[PDB]
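The next block holds one structure in the form of structure tokens; read it before the comments.
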Amino acid sequence: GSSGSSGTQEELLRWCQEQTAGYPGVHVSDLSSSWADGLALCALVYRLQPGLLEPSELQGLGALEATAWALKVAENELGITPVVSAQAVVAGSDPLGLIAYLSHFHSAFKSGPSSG
């Protein structure tokens with residue numbers, strides 16, 4: 001039951017919500033600061049692929065320490081080149097880059113109606 005306008009960020013956000021949801025503590029409510037923490041990206045990645053290692057350290061790592069991994073396992077496994085600097089994401093300087101960065105994840109791990 002996942003379908004709507006498949007056009008606005010809503011399609012991505014919601015999609016990411018269901019993913020991160022699983023991860024305890026990670027609650028994506030807005031693509032502004034909800035992803036700044038760092039775990040967010042970590043959850044989205046770890047979840048997307050339950051086969052990849054688990055966050056044994058990320059559990060108690062620094063807001064940045066986390067994002068670091070995500071961008072890694074994402075650029076290695078997922079292959080989603082890091083369009084934004086782990087710092088920019090967490091620091092919260094380039095809110096645009098992040099959006100584009102995530103867009104890649106979905107664009108690859110998306111499904112449903114193309115033109116609503």
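Residue names in the structure tokens use chain letters A, B, ... in the order shown, residue numbers from 1 in each chain, and ligand numbers from 1 in the order shown.
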Inset, instruction - Tell me, as a ChimeraX atom specification, which residues lie within 9 Å of stretch 1-4 of chain A, counting only C-alpha atoms; anything in the same chain fewer than 2 positions away does not count. - result: /A:6-7,10-11,14-15,111-113,116
How would the residues just picked look written out with C-alpha atoms as a CSV table (one decimal), in the first residue's frame?
chain,number,residue,atom,x,y,z
A,6,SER,CA,5.7,9.6,-6.7
A,7,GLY,CA,7.0,13.0,-7.6
A,10,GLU,CA,7.1,12.9,0.0
A,11,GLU,CA,7.8,9.8,-2.1
A,14,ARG,CA,7.9,8.2,3.4
A,15,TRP,CA,10.0,5.5,1.8
A,111,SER,CA,9.0,0.6,-6.8
A,112,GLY,CA,5.5,1.4,-7.9
A,113,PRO,CA,3.8,3.7,-10.3
A,116,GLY,CA,1.0,9.0,-10.9
Legend entry - residue A:48 surroundings by only C-alpha atoms, 9 Å radius, close-in-sequence under 5 positions cut, as number ranges by chain: A: 19, 43, 78, 105, 109
Just to be explicit: take each residue in the selection above, keep N, CA, C and O atoms, and write the result as a PDB file, in the first residue's frame.
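Saved to selection29.pdb:
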ATOM      1  N   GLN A  19      11.946   2.457   6.139  1.00  0.00           N
ATOM      2  CA  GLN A  19      13.255   1.820   6.232  1.00  0.00           C
ATOM      3  C   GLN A  19      13.893   2.085   7.592  1.00  0.00           C
ATOM      4  O   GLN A  19      14.125   1.162   8.373  1.00  0.00           O
ATOM      5  N   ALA A  43      20.883   3.669   9.227  1.00  0.00           N
ATOM      6  CA  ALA A  43      19.724   2.787   9.231  1.00  0.00           C
ATOM      7  C   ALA A  43      19.243   2.502   7.812  1.00  0.00           C
ATOM      8  O   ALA A  43      19.035   1.347   7.437  1.00  0.00           O
ATOM      9  N   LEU A  78      25.898  -0.429  -2.059  1.00  0.00           N
ATOM     10  CA  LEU A  78      24.869   0.244  -2.843  1.00  0.00           C
ATOM     11  C   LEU A  78      25.474   0.924  -4.067  1.00  0.00           C
ATOM     12  O   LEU A  78      24.849   0.992  -5.125  1.00  0.00           O
ATOM     13  N   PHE A 105      19.444   6.655  -3.573  1.00  0.00           N
ATOM     14  CA  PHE A 105      19.059   5.430  -2.882  1.00  0.00           C
ATOM     15  C   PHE A 105      17.711   4.922  -3.385  1.00  0.00           C
ATOM     16  O   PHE A 105      17.588   3.776  -3.818  1.00  0.00           O
ATOM     17  N   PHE A 109      16.366   1.854  -5.247  1.00  0.00           N
ATOM     18  CA  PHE A 109      15.571   0.955  -4.417  1.00  0.00           C
ATOM     19  C   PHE A 109      14.122   1.428  -4.338  1.00  0.00           C
ATOM     20  O   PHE A 109      13.525   1.459  -3.261  1.00  0.00           O
TER      21      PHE A 109
END
Legend entry - Exercise: residue A:70 partners within 9 Å, only C-alpha atoms, chain neighbours under 2 positions left out, as an NGL selection string: :A and (38-46 or 66-68 or 72-75 or 86)
Legend entry - Distance of atom CA of residue A:35 from atom CA of residue A:20, expressed in Å to one decimal place: 10.4 Å
Inset, instruction - Skip residue A:106 itself and residues of its chain fewer than 4 positions away, then list as a list in words all residues within 7 Å of it, counting only C-alpha atoms. - result: residues 12, 102 and 110 of chain A
I'd like the neighbourhood of residue A:84 as a PDB file with C-alpha atoms, in the first residue's frame, where a residue qualifies if any of its atoms comes within 9 Å (using only C-alpha atoms), though same-chain residues fewer than 4 positions away should be ignored.
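Result file is part13.pdb:
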ATOM      1  CA  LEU A  71      28.488   6.926   3.007  1.00  0.00           C
ATOM      2  CA  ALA A  88      27.899  18.823   5.221  1.00  0.00           C
ATOM      3  CA  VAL A  89      25.163  16.301   6.005  1.00  0.00           C
ATOM      4  CA  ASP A  94      24.172  21.973   2.481  1.00  0.00           C
ATOM      5  CA  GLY A  97      23.067  17.985  -1.376  1.00  0.00           C
ATOM      6  CA  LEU A  98      21.544  15.581   1.136  1.00  0.00           C
ATOM      7  CA  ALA A 100      20.001  14.672  -3.984  1.00  0.00           C
ATOM      8  CA  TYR A 101      22.172  12.122  -2.183  1.00  0.00           C
TER       9      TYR A 101
END
Legend entry - Atomic separation - atom CA of residue A:114 relative to atom CA of residue A:23, Å: 28.3 Å
I'd like the neighbourhood of residue A:36 as a compact mmCIF listing (two decimals) with C-alpha atoms, in the first residue's frame, where a residue qualifies if any of its atoms comes within 7 Å (using only C-alpha atoms), though same-chain residues fewer than 2 positions away should be ignored.
# COMPACT_ATOMS: atom_id res chain seq x y z
CA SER A 33 18.05 17.74 10.67
CA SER A 34 16.56 14.27 11.10
CA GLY A 38 24.07 10.45 11.34
CA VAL A 89 25.16 16.30 6.00
CA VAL A 90 25.65 16.30 9.78
CA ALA A 91 27.01 19.83 10.18
CA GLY A 92 23.92 21.04 8.34
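The spacing separating atom CA of residue A:85 from atom CA of residue A:58 amounts to 18.0 Å.
For the set A:31, A:49, A:37, A:96, the residue with the smallest atom-to-atom gap to residue A:61 is A:37, counting only C-alpha atoms.
Nearest to residue A:62 of all the residues A:16, A:29, A:81, A:87 is A:87, based on only C-alpha atoms.
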Legend entry - Secondary structure check, alpha helix (DSSP H) residues of chain A, as an MDAnalysis selection string: chainID A and resid 9:22 39:48 63:73 86:87 95:108
